[PDB]
Amino acid sequence: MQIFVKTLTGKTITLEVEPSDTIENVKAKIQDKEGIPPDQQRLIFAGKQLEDXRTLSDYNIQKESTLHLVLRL
């Protein structure tokens, strides 16, 4: 799959992901591409905040889904 991550400005980035990828794995991919520590990342899907120890499948996130990246720290 691919998914879309929108910053606060609306700057879109595309991520290559797997259905069984954890939120930590997604945070780690955003760190690789944008240099933000996972610690400082808040990820939001359909107004819901995604939590570590859960998969994209757990939250029903499918191909071409859109996550909102917000800064926590």
# chains A, B, ... in the order shown; residues from 1 in each chain; ligands from 1

call {"tool": "select_by_dssp", "arguments": {"residues": "chain A", "states": "alpha helix (DSSP H)", "output": "count of residues only"}}
result
12

call {"tool": "select_by_dssp", "arguments": {"residues": "chain A", "states": "strand (DSSP E)", "output": "number ranges by chain"}}
result
A: 2-6, 12-16, 41-45, 48-49, 66-71

call {"tool": "residues_around", "arguments": {"residues": "residue 22 of chain A", "least_positions_apart": "4", "cutoff": "12 Å", "atoms": "only C-alpha atoms", "output": "mmCIF file with N, CA, C and O atoms, in the first residue's frame"}}
result
data_model
loop_
_atom_site.group_PDB
_atom_site.id
_atom_site.type_symbol
_atom_site.label_atom_id
_atom_site.label_comp_id
_atom_site.auth_asym_id
_atom_site.auth_seq_id
_atom_site.Cartn_x
_atom_site.Cartn_y
_atom_site.Cartn_z
ATOM 1 N N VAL A 17 3.903 1.494 2.905
ATOM 2 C CA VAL A 17 3.575 0.792 4.180
ATOM 3 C C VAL A 17 2.975 -0.578 3.859
ATOM 4 O O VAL A 17 2.658 -0.835 2.685
ATOM 5 N N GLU A 18 2.840 -1.411 4.896
ATOM 6 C CA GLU A 18 2.214 -2.758 4.852
ATOM 7 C C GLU A 18 0.989 -2.729 5.762
ATOM 8 O O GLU A 18 0.969 -1.975 6.729
ATOM 9 N N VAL A 26 5.307 3.376 11.333
ATOM 10 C CA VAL A 26 4.871 4.546 10.516
ATOM 11 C C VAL A 26 5.621 5.790 11.012
ATOM 12 O O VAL A 26 6.149 6.533 10.161
ATOM 13 N N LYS A 27 5.695 5.987 12.332
ATOM 14 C CA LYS A 27 6.440 7.103 12.972
ATOM 15 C C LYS A 27 7.912 7.042 12.547
ATOM 16 O O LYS A 27 8.459 8.096 12.169
ATOM 17 N N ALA A 28 8.508 5.847 12.576
ATOM 18 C CA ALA A 28 9.902 5.570 12.151
ATOM 19 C C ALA A 28 10.109 5.947 10.677
ATOM 20 O O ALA A 28 11.188 6.456 10.363
ATOM 21 N N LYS A 29 9.128 5.689 9.805
ATOM 22 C CA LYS A 29 9.196 6.014 8.351
ATOM 23 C C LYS A 29 9.153 7.536 8.165
ATOM 24 O O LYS A 29 9.892 8.040 7.304
ATOM 25 N N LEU A 50 -3.803 7.885 16.714
ATOM 26 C CA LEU A 50 -3.252 6.516 16.562
ATOM 27 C C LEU A 50 -2.252 6.273 17.696
ATOM 28 O O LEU A 50 -1.446 7.181 17.977
ATOM 29 N N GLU A 51 -2.316 5.097 18.325
ATOM 30 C CA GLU A 51 -1.478 4.736 19.503
ATOM 31 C C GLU A 51 -0.531 3.585 19.138
ATOM 32 O O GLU A 51 -0.938 2.688 18.374
ATOM 33 N N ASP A 52 0.686 3.615 19.683
ATOM 34 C CA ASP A 52 1.704 2.538 19.551
ATOM 35 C C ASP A 52 1.133 1.268 20.206
ATOM 36 O O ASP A 52 0.390 1.410 21.188
ATOM 37 N N UNK A 53 1.327 0.088 19.650
ATOM 38 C CA UNK A 53 1.119 -1.288 19.979
ATOM 39 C C UNK A 53 -0.154 -1.560 19.185
ATOM 40 O O UNK A 53 -1.051 -2.204 19.686
ATOM 41 N N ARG A 54 -0.302 -0.963 18.000
ATOM 42 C CA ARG A 54 -1.487 -1.167 17.114
ATOM 43 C C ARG A 54 -1.018 -1.091 15.663
ATOM 44 O O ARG A 54 -0.056 -0.358 15.393
ATOM 45 N N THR A 55 -1.702 -1.805 14.773
ATOM 46 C CA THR A 55 -1.366 -1.895 13.334
ATOM 47 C C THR A 55 -2.310 -0.990 12.540
ATOM 48 O O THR A 55 -3.360 -0.595 13.086
ATOM 49 N N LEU A 56 -1.935 -0.684 11.297
ATOM 50 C CA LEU A 56 -2.780 0.073 10.336
ATOM 51 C C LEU A 56 -4.109 -0.667 10.143
ATOM 52 O O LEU A 56 -5.153 0.012 10.096
ATOM 53 N N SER A 57 -4.073 -2.000 10.057
ATOM 54 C CA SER A 57 -5.269 -2.873 9.925
ATOM 55 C C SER A 57 -6.170 -2.715 11.156
ATOM 56 O O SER A 57 -7.389 -2.618 10.961
ATOM 57 N N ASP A 58 -5.598 -2.660 12.364
ATOM 58 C CA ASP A 58 -6.359 -2.481 13.633
ATOM 59 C C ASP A 58 -7.268 -1.248 13.509
ATOM 60 O O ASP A 58 -8.422 -1.352 13.930
ATOM 61 N N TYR A 59 -6.779 -0.147 12.929
ATOM 62 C CA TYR A 59 -7.506 1.150 12.796
ATOM 63 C C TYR A 59 -8.258 1.236 11.455
ATOM 64 O O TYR A 59 -8.799 2.309 11.151
ATOM 65 N N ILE A 61 -7.108 1.318 8.383
ATOM 66 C CA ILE A 61 -6.378 2.217 7.438
ATOM 67 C C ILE A 61 -6.002 1.385 6.207
ATOM 68 O O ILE A 61 -5.263 0.405 6.366
#

call {"tool": "atom_distance", "arguments": {"atom1": "atom CA of residue 70 of chain A", "atom2": "atom CA of residue 45 of chain A"}}
result
11.4 Å

call {"tool": "residues_around", "arguments": {"residues": "residue 5 of chain A", "least_positions_apart": "3", "cutoff": "9 Å", "atoms": "only C-alpha atoms", "output": "list in words"}}
result
residues 10, 11, 12, 13, 14, 15, 30, 43, 65, 66, 67, 68 and 69 of chain A

call {"tool": "residues_around", "arguments": {"residues": "residue 71 of chain A", "least_positions_apart": "5", "cutoff": "7 Å", "atoms": "only C-alpha atoms", "output": "number ranges by chain"}}
result
A: 40-42

call {"tool": "write_last_selection", "arguments": {"atoms": "C-alpha atoms", "output": "mmCIF file, in the first residue's frame"}}
result
data_model
loop_
_atom_site.group_PDB
_atom_site.id
_atom_site.type_symbol
_atom_site.label_atom_id
_atom_site.label_comp_id
_atom_site.auth_asym_id
_atom_site.auth_seq_id
_atom_site.Cartn_x
_atom_site.Cartn_y
_atom_site.Cartn_z
ATOM 1 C CA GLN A 40 7.305 14.320 18.988
ATOM 2 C CA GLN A 41 4.756 12.814 16.483
ATOM 3 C CA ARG A 42 0.942 12.796 16.871
#

call {"tool": "closest_residue", "arguments": {"among": "A:19, A:7, A:73, A:25", "to": "residue 44 of chain A", "atoms": "only C-alpha atoms"}}
result
A:7

call {"tool": "closest_residue", "arguments": {"among": "A:9, A:35, A:16, A:48", "to": "residue 63 of chain A", "atoms": "only C-alpha atoms"}}
result
A:16

call {"tool": "atom_distance", "arguments": {"atom1": "atom CA of residue 60 of chain A", "atom2": "atom CA of residue 2 of chain A"}}
result
14.0 Å

call {"tool": "atom_distance", "arguments": {"atom1": "atom CA of residue 20 of chain A", "atom2": "atom CA of residue 46 of chain A"}}
result
18.9 Å
